[PDB]
Amino acid sequence: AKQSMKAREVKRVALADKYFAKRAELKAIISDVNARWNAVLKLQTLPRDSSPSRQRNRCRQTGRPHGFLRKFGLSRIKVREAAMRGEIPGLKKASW
Amino acid sequence: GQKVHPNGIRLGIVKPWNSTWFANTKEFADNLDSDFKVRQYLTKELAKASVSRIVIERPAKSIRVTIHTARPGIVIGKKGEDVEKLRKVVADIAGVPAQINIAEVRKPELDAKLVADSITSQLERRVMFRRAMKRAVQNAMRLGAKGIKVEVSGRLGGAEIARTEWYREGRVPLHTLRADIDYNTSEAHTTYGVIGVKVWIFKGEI
Amino acid sequence: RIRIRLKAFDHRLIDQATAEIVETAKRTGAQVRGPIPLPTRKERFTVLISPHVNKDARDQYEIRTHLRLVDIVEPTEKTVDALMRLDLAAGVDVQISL
Amino acid sequence: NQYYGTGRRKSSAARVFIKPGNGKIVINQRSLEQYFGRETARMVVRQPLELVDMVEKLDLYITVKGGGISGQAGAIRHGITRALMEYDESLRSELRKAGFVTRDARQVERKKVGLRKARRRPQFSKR
Amino acid sequence: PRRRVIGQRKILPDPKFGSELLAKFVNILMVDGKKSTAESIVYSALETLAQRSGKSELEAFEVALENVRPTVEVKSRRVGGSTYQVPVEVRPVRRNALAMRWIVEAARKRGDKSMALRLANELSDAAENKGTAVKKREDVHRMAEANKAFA
Amino acid sequence: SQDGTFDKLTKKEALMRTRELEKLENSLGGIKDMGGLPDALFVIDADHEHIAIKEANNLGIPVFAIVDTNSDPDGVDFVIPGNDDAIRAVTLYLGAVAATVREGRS
RNA sequence: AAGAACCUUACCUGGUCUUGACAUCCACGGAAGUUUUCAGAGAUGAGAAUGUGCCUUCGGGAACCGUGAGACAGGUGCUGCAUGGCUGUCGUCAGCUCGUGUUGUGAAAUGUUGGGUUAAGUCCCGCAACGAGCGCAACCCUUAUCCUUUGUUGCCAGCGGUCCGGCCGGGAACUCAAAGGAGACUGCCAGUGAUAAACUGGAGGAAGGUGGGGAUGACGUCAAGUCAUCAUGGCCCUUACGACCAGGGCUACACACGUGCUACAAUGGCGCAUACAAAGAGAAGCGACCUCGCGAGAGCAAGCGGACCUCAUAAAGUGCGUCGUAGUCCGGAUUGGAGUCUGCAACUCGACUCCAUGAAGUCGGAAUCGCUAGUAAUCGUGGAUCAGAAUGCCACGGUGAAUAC
Ligand SMILES: [Mg+2]
Ligand SMILES: [Mg+2]
Ligand SMILES: [Mg+2]
Ligand SMILES: [Mg+2]
Ligand SMILES: [Mg+2]
Ligand SMILES: [Mg+2]
Ligand SMILES: [Mg+2]
Ligand SMILES: [Mg+2]
Ligand SMILES: [Mg+2]
Ligand SMILES: [Mg+2]
Ligand SMILES: [Mg+2]
Ligand SMILES: [Mg+2]
Ligand SMILES: [Mg+2]
Ligand SMILES: [Mg+2]
Ligand SMILES: [Mg+2]
Ligand SMILES: [Mg+2]
Ligand SMILES: [Mg+2]
Ligand SMILES: [Mg+2]
Ligand SMILES: [Mg+2]
Ligand SMILES: [Mg+2]
Ligand SMILES: [Mg+2]
Ligand SMILES: [Mg+2]
Ligand SMILES: [Mg+2]
Ligand SMILES: [Mg+2]
Ligand SMILES: [Mg+2]
Ligand SMILES: [Mg+2]
Ligand SMILES: [Mg+2]
Ligand SMILES: [Mg+2]
Ligand SMILES: [Mg+2]
C-alpha cells in the first residue's frame with residue numbers, strides 16, 4: 001500500500017522509542033504541581049514523530065490503515081484468509 | 001462468492017490446524033507475523049520440492065516446523081546440508097532455536113495442493129487447460145479418491161473473455177461436515193493474466 | 001502448597017495434559033486435589049467479508065480458551081523435581097507458581 | 001426431613017427446601033411479602049400450594065438468584081412443585097395438569113447481524 | 001394463517017380477582033410492557049366504579065361490557081370484481097376483544113386528569129350506555145344493518 | 001440378511017434395508033442367477049409384453065410367444081396361436097414347455 | 001471508514017530532492033552510537049564534543065553509516081467491458097443435471113411426468129425406463145431435563161461458636177463451573193388412509209412431530225461490486241502522475257433525499273428512600289481505599305494477567321411527597337461566561353463539567369416501514385476501533401403484549 005507510507009510508519013516507531021519513553025519525564029515530571037517555570041513546555045522541539053500518538057497501526061502484511069485488529073495485527077480481510085486455512089490457532093467459525 | 005471455505009468450516013470437526021502453539025494477547029500478533037515470514041521464505045525456497053503443508057508449533061520458546069513433501073530426498077539433500085541450511089535461516093527468522101521435520105507424502109496425486117500446483121505449472125507451459133484437467137481427475141480417481149473435482153478460471157487459452165469450465169467426478173458432499181474434503185487452490189501467471197485453479201478431493205466419510 | 005494451572009485452545013489436549021500431571025504427581029508423591037475446570041473464556045470477533053461495501057455481510061469467529069487447576073498440597077520432595085522436565089506439551093501453557 | 005427442588009426460569013435458578021411444619025415462607029432471608037409478595041408475581045409462588053393444600057402444613061426455605069422479579073418468581077414456582085414430590089408421585093397427576101411441571105424454556109433470542117434486535121429490521125425504502 | 005391453523009396462548013388470571021377476562025383487559029391497556037403500571041390503573045378505576053354504583057367490581061365491569069359488545073360487523077369481500085360490505089356475525093371471543101379495545105380508545109381520548117379517572121368515567125357511561133364506546137357499537141350495528149342486502 | 005450387518009445400528013434403517021430387499025426380489029427375482037443375456041425368450045402374452053419382444057428383436061434373440069386374437073405377430077420368431085388369459089390354458093403351455101425343456105443335454 | 005485536530009491522507013497552497021522515502025548489486029571513506037549550538041514554518045544545511053565495537057598470505061572483510069555511476073527503484077495513475085481472489089442478489093427458493101437404454105431425420109424428449117403425501121425432486125405406489133451426482137434432511141454449535149467425575153478463587157443443606165460478614169472451623173449435599181454419558185424415535189396407543197406413504201388425536205415425558213436459535217447458500221443470473229486490501233495482462237509518468245516538509249481541506253451551505261436519536265408529557269416530570277441481571281474487558285492496561293473539588297476531575301496509592309482485584313451503583317420497578325393539563329416544574333436546541341482531561345498542538349475542528357439562557361415542538365399531507373412470542377414495544381449493561389472520540393455497529397440481560405376468521 002504505497003511502500004512510502006510503510007516506510008513512514010517504521011520511521012515513526014524508530015523515533016518514538018528513541019526520544020520519548022525516556023523524555024516522557026519532560027512532560028510527566030516537570031509539568032506537575034511543583035509549588036513554576038514554563039521552560040519545559042518550550043522544550044518541545046523534538047522531531048514531532050516521537051509522539052506515540054502519531055502511528056497509524058497498519059496491517060502487518062498489506063499495510064492498510066482501516067479494519068485493524070490488535071490481537072492478530074492484521075486487517076479484517078487478511079485475517080479471514082488466514083483463518084480459513086488454519087494459521088490462527090484455535091480460531092474457528094462461531095455460532096450460539 | 002457464495003460458498004464457505006471447505007477447510008475452514010471443518011477446522012474443529014475433521015481437519016486439524018496448521019499451527020498448534022498457544023500464546024497470550026501480548027505476543028499473539030508477533031507469533032502470527034513470524035509464522036507468516038517463515039512460511040513465505042520456506043515455500044519460496046522449496047518451490048521445486050513439491051511441498052504440501054507446513055505445520056508450525058512452538059513448544060517451550062522453540063519452533064518445530066514440519067514440512068509435508070512428496071520429494072523428501074530432494075528436500076533433505078545429501079545427508080543433511082540443505083535441510084541444515086533451512087534450519088539456520090528459520091532460526092534466524094523466528095529468533096529462537098528451531099527444529100525441522102520432513103513428512104513423506106505418499107500418493108501426491110491425492111493431495112489437492114500438489115494437484116493444483118501440477119495443473120498451474122502445466123498451464124504456464126502453455127498446455128491445453130482441458131487436457132491438464134482431465135488428466136488430474138482421471139489419475140486421482142484411479143487411486144481411491146472417491147470425489148475429485150477441479151476448476152479453472154480466467155483467460156482460458158488466451159481468450160478475450162474469461163470463463164470457468166469446472167469438471168467433477170465421483171461424489172463431493174460439500175454440505176456434509178463429517179466429510180473429509182481436501183480443498184486447496186493455486187494461481188498461474190500466464191502471459192495473458194492470472195488463471196485461478198481450485199481442487200476438491202473427497203475421501204472416506206468420517 | 002504448589003498450584004499448577006493449565007491453559008489451552010482445545011479441551012481434548014488439556015484433559016490429556018492435566019491427567020498426566022495428576023498421575024505423575026500422585027505416583028511420585030501425594031495429595032492432588034484433582035483437576036478443577038474453572039470457567040472457559042470465549043473471545044468473539046466479527047469482520048466484514050467483502051473487500052468493499054456490503055456492510056451486512058460478515059463472519060463471526062471465536063477463540064475458546066480452556067482452563068484447569070490441580071492444586072497439589074504436599075511439597076513432598078521427590079515431587080517438585082519430578083514435576084519439572086515434564087512439559088511434553090505442544091500447545092498447552094503451564095503456570096507452575098504457587 | 002427436608003425435601004428439595006431446583007426450579008429455573010429464564011436465567012433464574014431457585015433452591016427450595018420444604019419441611020412439614022408451619023406455613024411460613026422465607027426467601028433469601030426475607031419474608032415473601034417483604035421480598036416480592038405484595039408486588040408483581042405475588043401469587044405465582046403460592047400457586048402450586050392452593051392446589052394440594054398448604055394452610056399451615058409446609059414450611060418453605062428458599063434461596064434464589066439471577067434474572068428479575070418475574071423470572072425469579074417463576075423459578076420459585078417451578079422449584080416448589082418440583083419439591084412437592086415429597087408426597088410421592090400422586091401429586092404430579094394434577095400438578096402436570098395445572099402446567100407447573102414443565103420447565104418454561106423461553107430464553108431471550110440473540111440479536112443478528114443486519115437486524116437492530118433479534119427480529120426488528122431496519123427501515124426499508126425503494127427509491 | 002395461510003397453511004397452519006394454530007392453537008391458543010394461555011394467560012394467567014388477575015391476581016386480585018382471579019378472572020381471565022380482567023387479565024386480558026389489563027393487557028389491552030398495557031403499554032411498553034409495563035404490566036404493574038397497567039394493573040394499578042385498572043384496579044383504581046374498578047374500585048371507583050364499584051363505589052359509584054354500589055354493585056361490585058366484576059358485576060359492574062361486566063355490565064359495562066354488555067353494552068359495548070358488538071353482534072355483527074361489515075367486511076369487504078370483493079368476489080365478482082366489485083367491492084361490497086357484507087355483514088357477518090362476530091365470534092364470541094372477538095366480541096369482548098372488540099369491546100375492551102373500544103373502551104380503552106374512548107378512555108384515552110377522554111380529557112380528564114388521570115387515566116384511572118378517565119377509565120372509570122368511560123365505562124361508567126358504558127354501564128348507562130351513553131359513552132363514545134357505546135356510540136362506536138351503534139355505528140357498527142347501523143352500518144351492518146344498512147348492508148343487510150348482501151349475505 | 002443372514003451373515004452381514006443387519007442387526008447393527010437402529011431399527012429404522014434395518015426396516016428400510018429389508019423393505020428394499022423385498023422390492024428387489026419382487027421386481028428382479030429369478031433373474032438374479034442368469035448372469036448374461038439369454039439365447040431364447042418365451043412370452044405368455046405378446047401385446048402385454050411388447051416391450052420385452054422389442055428388446056429381444058433388437059438383440060437378435062429368438063422369441064416364442066403365445067398370441068391371442070388381438071395380439072400383433074411379426075415381432076415373434078415362433079408364433080403360437082391360442083388363448084393367453086385363461087389359467088387352464090396358460091398352465092397347459094407352461095407344463096408342456098417345462099417338460100420339453102427338462103430334456104436338456106441328457 | 002471497527003472511529004479525518006497533527007498523523008491517517010490520496011486532495012489544495014507554498015517550500016524542497018533526484019539511483020531517490022523503500023530493495024539488490026559495485027567502488028570509495030568512515031564503527032555503530034551518544035551530548036550540545038546556529039538559521040529555517042519545517043523539510044533541511046551549518047557546526048562543536050563524544051565514542052571506534054567485529055575479520056586480517058590483507059586490490060580487501062562481517063553488521064552499520066555517508067558520497068558517485070549505472071542497471072533500477074517508485075505510482076491509492078487508467079482499464080472490475082482483459083483478469084485471480086473475495087462479496088451482494090434472485091434465495092435457504094427446491095430445484096439443477098449426467099451415464100446407459102428407449103422414442104424422434106432433427107433441435108430434443110423420457111427419467112424429473114401421474115395418484116397420494118411432505119417444510120422439502122420428502123416419502124410410497126404406478127410407469128420405457130434403469131441408475132447416479134449436486135442440492136433437501138442428517139453429521140456441527142448453542143439452548144431446555146437428568147446422571148457420573150472434580151470441587152477453587154465457586155457453593156453453604158446438616159453441625160460449633162462467632163465481631164452476624166460463608167466469617168470461621170467444617171461439609172460435600174445444593175447452585176455453579178466443564179469434561180464424559182442418558183434423553184425424542186411417530187417411539188407407544190386409537191382412528192383415517194390402496195392394508196402404502198402419511199395424516200388427526202391421546203398417554204407418558206423437561207421437551208412431540210425437522211422442540212427453539214445459529215452456522216451451512218445447488219447449476220446459474222445481473223459484462224452486478226471491488227485494479228484503492230492484495231495479486232495481476234495491457235497502457236501510461238520517470239528532476240515527475242515518484243519523494244520530504246509546514247499550513248489548509250476532507251467538518252463548506254440559498255437547498256433536496258435516506259437512516260437514526262430526543263420530544264411534544266400525568267401509563268408523566270421532579271425530590272427522598274429502596275429491590276432484582278446477564279454478558280464482557282484489563283499490563284503502552286483496569287485502577288480499590290483515603291483526602292481535596294458543587295462538578296468534570298486532582299493528589300496519594302493497594303490489588304489484579306485475574307471464578308480472587310478493577311472497570312462496576314443496573315435502569316425501568318416499588319414506596320412516600322409535589323406538580324394539576326399551562327408551551328407548563330413538558331422539551332431540551334441555541335448562545336454567553338467559567339472550567340477539566342487527552343494530546344507537541346483542541347482557532348478552523350475534540351469530549352465532558354458548572355452557572356445562565358430556554359428555539360421549534362401540543363402526535364405530524366399525499367405516501368410509507370417492521371413485526372407471529374420471550375417476538376414487537378420499552379429499560380438499562382458491555383465490547384471492537386481507539387492518546388483523545390458513538391445517537392453508529394456488534395453483543396448481553398430486565399419488564400413484556402395484541403392478533404391471525
Ligand atoms: Mg504496492
Ligand atoms: Mg491515531
Ligand atoms: Mg455466505
Ligand atoms: Mg476474563
Ligand atoms: Mg490532515
Ligand atoms: Mg507542490
Ligand atoms: Mg463485473
Ligand atoms: Mg435415434
Ligand atoms: Mg426440473
Ligand atoms: Mg425433462
Ligand atoms: Mg407427484
Ligand atoms: Mg432428493
Ligand atoms: Mg417416477
Ligand atoms: Mg442442510
Ligand atoms: Mg449454625
Ligand atoms: Mg401429545
Ligand atoms: Mg459493470
Ligand atoms: Mg452489487
Ligand atoms: Mg479507481
Ligand atoms: Mg500534512
Ligand atoms: Mg466525510
Ligand atoms: Mg424539565
Ligand atoms: Mg409554537
Ligand atoms: Mg399538553
Ligand atoms: Mg415468519
Ligand atoms: Mg439501547
Ligand atoms: Mg474497551
Ligand atoms: Mg478512544
Ligand atoms: Mg432485549
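Letters A, B, ... mirror the listed sequences (proteins, then strands); counts begin at 1.
Contacts of D:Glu39 with the nucleic acid, taken as non-hydrogen atoms under 4.0 Å apart, are absent. As judged by a 4.0 angstrom heavy-atom cut-off over every strand, B:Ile206 is placed among residues making no nucleic acid contact. Within the nucleic acid shown, E:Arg118 has no heavy atom closer than 4.0 Å to any nucleic acid atom. Among the protein residues, D:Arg110 comes within range of the sugar-phosphate backbone only, with heavy atoms under 4.0 Å from sugar or phosphate atoms but none that close to a base. B:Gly1 comes within 4.0 angstrom of a nucleotide base, judged by non-hydrogen atoms across all strands. Note on C:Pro51: a base of the nucleic acid sits closer than 4.0 angstrom, heavy atoms only. The residue C:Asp71 sits apart from the nucleic acid: no heavy atom pair falls under 4.0 Å. At the heavy-atom level, B:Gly8 lies nowhere under 4.0 Å from the strands shown. At the heavy-atom level, B:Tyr192 lies under 4.0 Å from base atoms of the strands shown.
Remark: C:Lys55 is not in phosphate contact with G:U87, judged by side-chain N or O atoms under 4.0 Å from OP1 or OP2. The phosphate of G:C136 (OP1 or OP2) has a side-chain N or O of B:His175 nearer than 4.0 angstrom. Taking only side-chain nitrogens and oxygens, A:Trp96 comes nearer than 4.0 Å to OP1 or OP2 of G:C396. For the pair A:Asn57 and G:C386, the criterion of a side-chain N or O lying under 4.0 Å from OP1 or OP2 is met. At the phosphate of G:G158, OP1 or OP2 sits under 4.0 Å from a side-chain N or O atom of D:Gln2. At least one side-chain nitrogen or oxygen of A:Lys27 sits closer than 4.0 Å to the OP1 or OP2 atom of G:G343. Remark: D:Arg96 is in phosphate contact with G:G205, judged by side-chain N or O atoms under 4.0 Å from OP1 or OP2. Taking side-chain N and O atoms only, C:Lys42 has no distance below 4.0 Å to OP1 or OP2 of G:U142.
Stacking of the bases of G:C81 and G:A82 is not indicated, since the six-membered rings fail the criterion of centres under 5.5 Å apart and planes under 30° apart. Bases G:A387 and G:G388 qualify as stacked neighbours, criterion being ring centres under 5.5 Å and ring planes under 30°.
Checked by distance alone, A:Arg56 brings no side-chain donor or acceptor within 3.5 Å of a matching partner on the base of G:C7. A donor N or O paired with an acceptor N or O is not found under 3.5 Å between the base of G:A21 and the side-chain atoms of A:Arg8. Counting atom types as modelled, B:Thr176 pairs a side-chain N or O with a base atom of G:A138 as donor and acceptor under 3.5 Å.
Nucleotides G:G247 and G:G42 are separated by 10 Å at their P atoms, to the nearest Å. Using atom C1' as the reference point in both G:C26 and G:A48, the two lie 35 Å apart (nearest Å). Remark: the separation of the P atoms in G:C54 and G:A31 is 14 Å, to the nearest Å.
Here G:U83 sits opposite G:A231 as a Watson-Crick or G-U wobble pair (both hydrogen-bonding atom distances under 3.5 Å).
Atoms CG (B:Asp180) and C1' (G:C140) sit 16 Å apart, rounded to a whole Å. Rounded to whole Å, the distance from CG on F:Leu15 to P on G:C124 is 13 Å. Rounded to a whole Å, the CD1 atom of B:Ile161 is 12 Å from the P atom of G:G84. Remark: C1' of G:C130 and CG of F:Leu28 are 10 Å apart, rounded to the nearest angstrom. In this structure, the CG atom of B:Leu156 is 18 Å from the P atom of G:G233, given to the nearest Å. Distance NZ (A:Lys71) to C1' (G:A2): 16 Å, rounded to an integer number of Å. Rounded to whole Å, the distance from NZ on D:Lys111 to P on G:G213 is 17 Å. G:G400 atom P lies 13 Å from atom CG of E:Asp32, rounded to whole Å.
Glycosidic conformation at G:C300 (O4'-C1'-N9-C4 for purines, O4'-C1'-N1-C2 for pyrimidines): anti, more than 90° from 0.
Judged by the sign of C1'-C2'-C3'-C4', the furanose ring of G:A43 adopts a north, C3'-endo-like conformation. South puckering is assigned to the sugar ring of G:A307, since its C1'-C2'-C3'-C4' angle is below zero.
Nucleotides G:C64 and G:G30 are base-paired: the Watson-Crick or wobble atom pairs both lie closer than 3.5 Å. Entry note: G:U110 and G:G268 fail the pairing test, Watson-Crick or G-U wobble at under 3.5 angstrom for both distances.
One side chain, D:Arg15 or D:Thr63, offers a donor N or O that lies under 3.5 Å from an acceptor on the other.
Remark: aromatic rings of D:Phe17 and D:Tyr4 are close, center separation under 6.0 Å.
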